>>> print(open('structure13.csv').read())   # CSV, N, CA and C atoms
chain,number,residue,atom,x,y,z
A,1,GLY,N,104.1,1.7,85.0
A,1,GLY,CA,105.0,1.9,86.1
A,1,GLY,C,105.3,0.6,86.9
A,2,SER,N,106.6,0.3,87.0
A,2,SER,CA,107.0,-0.9,87.6
A,2,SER,C,108.5,-0.9,87.9
A,3,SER,N,109.0,-1.7,88.8
A,3,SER,CA,110.4,-1.8,89.2
A,3,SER,C,110.8,-3.3,89.4
A,4,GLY,N,112.1,-3.5,89.6
A,4,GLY,CA,112.6,-4.8,89.8
A,4,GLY,C,113.1,-5.4,88.6
A,5,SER,N,114.2,-6.2,88.7
A,5,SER,CA,114.8,-6.8,87.5
A,5,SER,C,115.9,-7.8,87.9
A,6,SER,N,116.0,-8.9,87.3
A,6,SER,CA,117.1,-9.9,87.6
A,6,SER,C,117.4,-10.7,86.3
A,7,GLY,N,118.6,-11.3,86.3
A,7,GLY,CA,119.0,-12.1,85.2
A,7,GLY,C,118.4,-11.6,83.9
A,8,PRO,N,117.3,-12.3,83.5
A,8,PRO,CA,116.6,-12.0,82.2
A,8,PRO,C,115.9,-10.6,82.3
A,9,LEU,N,116.4,-9.7,81.6
A,9,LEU,CA,115.9,-8.3,81.5
A,9,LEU,C,114.5,-8.3,80.8
A,10,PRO,N,113.6,-7.5,81.2
A,10,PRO,CA,112.3,-7.4,80.6
A,10,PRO,C,112.4,-6.7,79.2
A,11,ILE,N,111.3,-6.7,78.5
A,11,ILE,CA,111.2,-6.1,77.2
A,11,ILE,C,111.8,-4.6,77.2
A,12,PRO,N,112.4,-4.2,76.1
A,12,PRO,CA,113.0,-2.9,76.0
A,12,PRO,C,111.9,-1.7,76.0
A,13,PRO,N,112.3,-0.6,76.6
A,13,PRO,CA,111.5,0.6,76.7
A,13,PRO,C,111.1,1.2,75.4
A,14,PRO,N,110.0,1.9,75.3
A,14,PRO,CA,109.5,2.6,74.1
A,14,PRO,C,110.3,3.8,73.8
A,15,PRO,N,110.2,4.3,72.6
A,15,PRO,CA,110.9,5.5,72.1
A,15,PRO,C,110.4,6.8,72.8
A,16,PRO,N,111.4,7.7,73.0
A,16,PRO,CA,111.1,9.0,73.6
A,16,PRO,C,110.2,9.9,72.8
A,17,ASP,N,109.7,11.0,73.4
A,17,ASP,CA,108.8,11.9,72.8
A,17,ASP,C,109.5,13.3,72.6
A,18,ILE,N,109.7,13.6,71.3
A,18,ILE,CA,110.3,14.9,71.0
A,18,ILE,C,109.3,16.0,70.8
A,19,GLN,N,108.0,15.6,70.7
A,19,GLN,CA,107.0,16.6,70.6
A,19,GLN,C,107.1,17.7,71.6
A,20,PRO,N,107.3,17.3,72.9
A,20,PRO,CA,107.5,18.3,74.0
A,20,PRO,C,108.4,19.4,73.7
A,21,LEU,N,109.6,19.1,73.1
A,21,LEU,CA,110.6,20.1,72.8
A,21,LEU,C,110.2,20.8,71.4
A,22,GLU,N,109.6,20.0,70.5
A,22,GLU,CA,109.2,20.5,69.2
A,22,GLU,C,108.3,21.7,69.4
A,23,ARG,N,107.2,21.5,70.2
A,23,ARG,CA,106.2,22.5,70.4
A,23,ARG,C,106.9,23.7,71.2
A,24,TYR,N,107.5,23.4,72.3
A,24,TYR,CA,108.1,24.4,73.2
A,24,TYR,C,109.1,25.2,72.4
A,25,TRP,N,109.8,24.6,71.5
A,25,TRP,CA,110.8,25.3,70.6
A,25,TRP,C,110.1,26.4,69.8
A,26,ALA,N,109.2,26.0,68.9
A,26,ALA,CA,108.5,26.9,68.1
A,26,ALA,C,107.6,27.8,68.9
A,27,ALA,N,107.2,27.4,70.1
A,27,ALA,CA,106.4,28.1,71.0
A,27,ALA,C,107.1,29.4,71.5
A,28,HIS,N,108.3,29.1,72.2
A,28,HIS,CA,109.1,30.2,72.7
A,28,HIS,C,110.4,30.4,72.0
A,29,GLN,N,111.0,29.2,71.6
A,29,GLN,CA,112.2,29.2,70.9
A,29,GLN,C,113.4,29.7,71.8
A,30,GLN,N,113.3,29.4,73.1
A,30,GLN,CA,114.3,29.8,74.1
A,30,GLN,C,114.5,28.7,75.1
A,31,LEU,N,115.7,28.1,75.2
A,31,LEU,CA,116.0,27.1,76.2
A,31,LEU,C,116.5,27.7,77.5
A,32,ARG,N,115.9,27.3,78.6
A,32,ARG,CA,116.3,27.8,79.9
A,32,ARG,C,116.7,26.6,80.9
A,33,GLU,N,117.7,26.9,81.7
A,33,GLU,CA,118.1,25.9,82.7
A,33,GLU,C,117.0,25.3,83.5
A,34,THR,N,115.9,26.1,83.6
A,34,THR,CA,114.7,25.7,84.4
A,34,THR,C,113.8,24.8,83.6
A,35,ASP,N,113.7,25.1,82.3
A,35,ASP,CA,112.9,24.3,81.4
A,35,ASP,C,113.7,23.1,80.8
A,36,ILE,N,115.0,23.1,81.1
A,36,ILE,CA,115.8,22.0,80.6
A,36,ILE,C,115.4,20.7,81.3
A,37,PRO,N,115.4,20.6,82.6
A,37,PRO,CA,115.1,19.4,83.4
A,37,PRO,C,113.6,19.2,83.3
A,38,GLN,N,112.8,20.2,83.2
A,38,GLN,CA,111.3,20.1,83.2
A,38,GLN,C,110.9,19.4,81.9
A,39,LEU,N,111.5,19.9,80.8
A,39,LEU,CA,111.2,19.4,79.4
A,39,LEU,C,111.8,17.9,79.3
A,40,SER,N,113.0,17.8,79.6
A,40,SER,CA,113.7,16.5,79.5
A,40,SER,C,112.8,15.4,80.1
A,41,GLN,N,112.2,15.7,81.2
A,41,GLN,CA,111.3,14.7,81.9
A,41,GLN,C,110.2,14.3,81.0
A,42,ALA,N,109.7,15.3,80.3
A,42,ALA,CA,108.5,15.0,79.4
A,42,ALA,C,109.0,14.2,78.2
A,43,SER,N,110.0,14.6,77.5
A,43,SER,CA,110.5,13.9,76.3
A,43,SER,C,111.2,12.6,76.7
A,44,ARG,N,111.2,12.3,78.1
A,44,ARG,CA,111.9,11.1,78.6
A,44,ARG,C,113.3,11.0,78.1
A,45,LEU,N,114.1,12.1,78.1
A,45,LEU,CA,115.4,12.1,77.7
A,45,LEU,C,116.4,12.6,78.8
A,46,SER,N,117.7,12.6,78.5
A,46,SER,CA,118.7,13.0,79.5
A,46,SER,C,118.9,14.5,79.4
A,47,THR,N,119.2,15.1,80.6
A,47,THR,CA,119.5,16.5,80.6
A,47,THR,C,120.4,17.0,79.5
A,48,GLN,N,121.3,16.1,79.1
A,48,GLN,CA,122.2,16.4,78.0
A,48,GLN,C,121.5,16.3,76.6
A,49,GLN,N,120.6,15.4,76.5
A,49,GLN,CA,119.8,15.2,75.3
A,49,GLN,C,119.1,16.5,74.9
A,50,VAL,N,118.4,17.1,75.8
A,50,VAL,CA,117.6,18.3,75.6
A,50,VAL,C,118.6,19.5,75.2
A,51,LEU,N,119.7,19.5,75.9
A,51,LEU,CA,120.7,20.6,75.7
A,51,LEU,C,121.2,20.5,74.2
A,52,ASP,N,121.4,19.3,73.7
A,52,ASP,CA,121.9,19.1,72.4
A,52,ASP,C,120.8,19.3,71.4
A,53,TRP,N,119.6,19.0,71.8
A,53,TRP,CA,118.4,19.2,70.9
A,53,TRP,C,118.2,20.6,70.5
A,54,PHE,N,118.1,21.5,71.5
A,54,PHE,CA,117.9,22.9,71.2
A,54,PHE,C,119.2,23.5,70.6
A,55,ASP,N,120.3,23.2,71.2
A,55,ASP,CA,121.6,23.7,70.6
A,55,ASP,C,121.7,23.4,69.1
A,56,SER,N,121.3,22.2,68.7
A,56,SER,CA,121.4,21.8,67.3
A,56,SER,C,120.3,22.6,66.5
A,57,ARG,N,119.2,22.9,67.1
A,57,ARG,CA,118.1,23.6,66.4
A,57,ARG,C,118.5,25.1,66.2
A,58,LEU,N,119.2,25.7,67.2
A,58,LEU,CA,119.6,27.1,67.0
A,58,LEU,C,120.3,27.3,65.7
A,59,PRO,N,120.3,28.6,65.2
A,59,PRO,CA,121.0,28.9,64.0
A,59,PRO,C,122.5,28.8,64.1
A,60,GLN,N,123.1,27.8,63.4
A,60,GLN,CA,124.5,27.6,63.4
A,60,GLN,C,125.2,28.6,62.4
A,61,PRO,N,126.4,28.9,62.7
A,61,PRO,CA,127.2,29.8,61.8
A,61,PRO,C,127.6,29.2,60.5
A,62,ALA,N,126.9,29.6,59.4
A,62,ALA,CA,127.2,29.1,58.1
A,62,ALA,C,126.4,29.9,57.0
A,63,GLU,N,126.8,29.6,55.8
A,63,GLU,CA,126.1,30.3,54.7
A,63,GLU,C,124.7,29.7,54.4
A,64,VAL,N,123.7,30.5,54.5
A,64,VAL,CA,122.3,30.1,54.2
A,64,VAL,C,121.6,31.0,53.3
A,65,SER,N,120.7,30.4,52.5
A,65,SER,CA,119.9,31.2,51.5
A,65,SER,C,119.3,32.4,52.2
A,66,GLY,N,118.3,32.2,53.0
A,66,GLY,CA,117.6,33.3,53.7
A,66,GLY,C,116.2,32.9,54.1
A,67,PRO,N,116.0,32.2,55.2
A,67,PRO,CA,114.7,31.8,55.7
A,67,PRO,C,113.8,33.0,56.2
A,68,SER,N,112.6,33.1,55.7
A,68,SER,CA,111.7,34.1,56.1
A,68,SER,C,111.1,33.9,57.4
A,69,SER,N,111.4,34.8,58.4
A,69,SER,CA,110.9,34.7,59.7
A,69,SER,C,110.0,35.8,60.1
A,70,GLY,N,110.3,37.0,59.6
A,70,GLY,CA,109.5,38.2,59.9
A,70,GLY,C,110.3,39.5,59.8
>>> encode(input="structure13.csv", output="structure tokens")
Amino acid sequence: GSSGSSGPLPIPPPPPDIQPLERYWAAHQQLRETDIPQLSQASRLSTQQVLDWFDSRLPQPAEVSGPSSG
């Protein structure tokens, strides 16, 4: 945790964590406007990032073999 910056910018920030959404997804498999901002903060991503993450995960309209779920 630190702040402040001038001319020469400090080293670049580390990569985000998708684990937060990965677990939550398989855990509940339901994105909520309330869990959107809460999760995004964990994965260190933008509110839009999480929205696209789940949206992309969801079953898109297309021809698929047939994944066994239950």
>>> residues_around(input="structure13.csv", residues="stretch 46-59 of chain A", least_positions_apart="3", cutoff="7 Å", atoms="only N, CA and C atoms", output="count of residues only")
8
>>> select_by_dssp(input="structure13.csv", residues="chain A", states="alpha helix (DSSP H)", output="list in words")
residues 19, 20, 21, 22, 23, 24, 25, 26, 27, 35, 36, 37, 38, 39, 40, 41, 42, 47, 48, 49, 50, 51, 52, 53, 54, 55, 56 and 57 of chain A
>>> residues_around(input="structure13.csv", residues="residue A:16", least_positions_apart="4", cutoff="8 Å", atoms="all atoms listed in the file", output="PyMOL selection string")
chain A and resi 20+42-45
>>> atom_distance(input="structure13.csv", atom1="atom CA of residue A:3", atom2="atom CA of residue A:18")
24.7 Å
>>> build_atoms(input="structure13.csv", residues="stretch 29-47 of chain A", atoms="N, CA, C and O atoms", output="mmCIF file, keeping the file's coordinate frame")
data_model
loop_
_atom_site.group_PDB
_atom_site.id
_atom_site.type_symbol
_atom_site.label_atom_id
_atom_site.label_comp_id
_atom_site.auth_asym_id
_atom_site.auth_seq_id
_atom_site.Cartn_x
_atom_site.Cartn_y
_atom_site.Cartn_z
ATOM 1 N N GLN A 29 111.000 29.200 71.600
ATOM 2 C CA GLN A 29 112.200 29.200 70.900
ATOM 3 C C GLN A 29 113.400 29.700 71.800
ATOM 4 O O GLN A 29 114.317 30.363 71.364
ATOM 5 N N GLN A 30 113.300 29.400 73.100
ATOM 6 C CA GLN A 30 114.300 29.800 74.100
ATOM 7 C C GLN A 30 114.500 28.700 75.100
ATOM 8 O O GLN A 30 113.572 28.363 75.873
ATOM 9 N N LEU A 31 115.700 28.100 75.200
ATOM 10 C CA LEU A 31 116.000 27.100 76.200
ATOM 11 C C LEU A 31 116.500 27.700 77.500
ATOM 12 O O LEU A 31 117.387 28.562 77.522
ATOM 13 N N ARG A 32 115.900 27.300 78.600
ATOM 14 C CA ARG A 32 116.300 27.800 79.900
ATOM 15 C C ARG A 32 116.700 26.600 80.900
ATOM 16 O O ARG A 32 116.059 25.566 80.828
ATOM 17 N N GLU A 33 117.700 26.900 81.700
ATOM 18 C CA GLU A 33 118.100 25.900 82.700
ATOM 19 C C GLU A 33 117.000 25.300 83.500
ATOM 20 O O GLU A 33 117.003 24.205 83.986
ATOM 21 N N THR A 34 115.900 26.100 83.600
ATOM 22 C CA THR A 34 114.700 25.700 84.400
ATOM 23 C C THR A 34 113.800 24.800 83.600
ATOM 24 O O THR A 34 113.191 23.926 84.111
ATOM 25 N N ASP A 35 113.700 25.100 82.300
ATOM 26 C CA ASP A 35 112.900 24.300 81.400
ATOM 27 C C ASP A 35 113.700 23.100 80.800
ATOM 28 O O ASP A 35 113.086 22.229 80.219
ATOM 29 N N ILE A 36 115.000 23.100 81.100
ATOM 30 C CA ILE A 36 115.800 22.000 80.600
ATOM 31 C C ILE A 36 115.400 20.700 81.300
ATOM 32 O O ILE A 36 115.057 19.702 80.608
ATOM 33 N N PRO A 37 115.400 20.600 82.600
ATOM 34 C CA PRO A 37 115.100 19.400 83.400
ATOM 35 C C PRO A 37 113.600 19.200 83.300
ATOM 36 O O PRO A 37 113.158 17.994 83.348
ATOM 37 N N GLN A 38 112.800 20.200 83.200
ATOM 38 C CA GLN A 38 111.300 20.100 83.200
ATOM 39 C C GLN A 38 110.900 19.400 81.900
ATOM 40 O O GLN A 38 110.029 18.566 81.817
ATOM 41 N N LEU A 39 111.500 19.900 80.800
ATOM 42 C CA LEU A 39 111.200 19.400 79.400
ATOM 43 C C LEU A 39 111.800 17.900 79.300
ATOM 44 O O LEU A 39 111.086 17.047 78.790
ATOM 45 N N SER A 40 113.000 17.800 79.600
ATOM 46 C CA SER A 40 113.700 16.500 79.500
ATOM 47 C C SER A 40 112.800 15.400 80.100
ATOM 48 O O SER A 40 112.738 14.272 79.565
ATOM 49 N N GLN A 41 112.200 15.700 81.200
ATOM 50 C CA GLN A 41 111.300 14.700 81.900
ATOM 51 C C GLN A 41 110.200 14.300 81.000
ATOM 52 O O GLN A 41 109.699 13.171 81.063
ATOM 53 N N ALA A 42 109.700 15.300 80.300
ATOM 54 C CA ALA A 42 108.500 15.000 79.400
ATOM 55 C C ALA A 42 109.000 14.200 78.200
ATOM 56 O O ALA A 42 108.323 13.166 77.885
ATOM 57 N N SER A 43 110.000 14.600 77.500
ATOM 58 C CA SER A 43 110.500 13.900 76.300
ATOM 59 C C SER A 43 111.200 12.600 76.700
ATOM 60 O O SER A 43 111.694 11.831 75.910
ATOM 61 N N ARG A 44 111.200 12.300 78.100
ATOM 62 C CA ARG A 44 111.900 11.100 78.600
ATOM 63 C C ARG A 44 113.300 11.000 78.100
ATOM 64 O O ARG A 44 113.723 9.939 77.627
ATOM 65 N N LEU A 45 114.100 12.100 78.100
ATOM 66 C CA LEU A 45 115.400 12.100 77.700
ATOM 67 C C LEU A 45 116.400 12.600 78.800
ATOM 68 O O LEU A 45 115.935 12.860 79.922
ATOM 69 N N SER A 46 117.700 12.600 78.500
ATOM 70 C CA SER A 46 118.700 13.000 79.500
ATOM 71 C C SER A 46 118.900 14.500 79.400
ATOM 72 O O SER A 46 118.916 15.075 78.335
ATOM 73 N N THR A 47 119.200 15.100 80.600
ATOM 74 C CA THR A 47 119.500 16.500 80.600
ATOM 75 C C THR A 47 120.400 17.000 79.500
ATOM 76 O O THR A 47 120.240 18.069 78.951
#
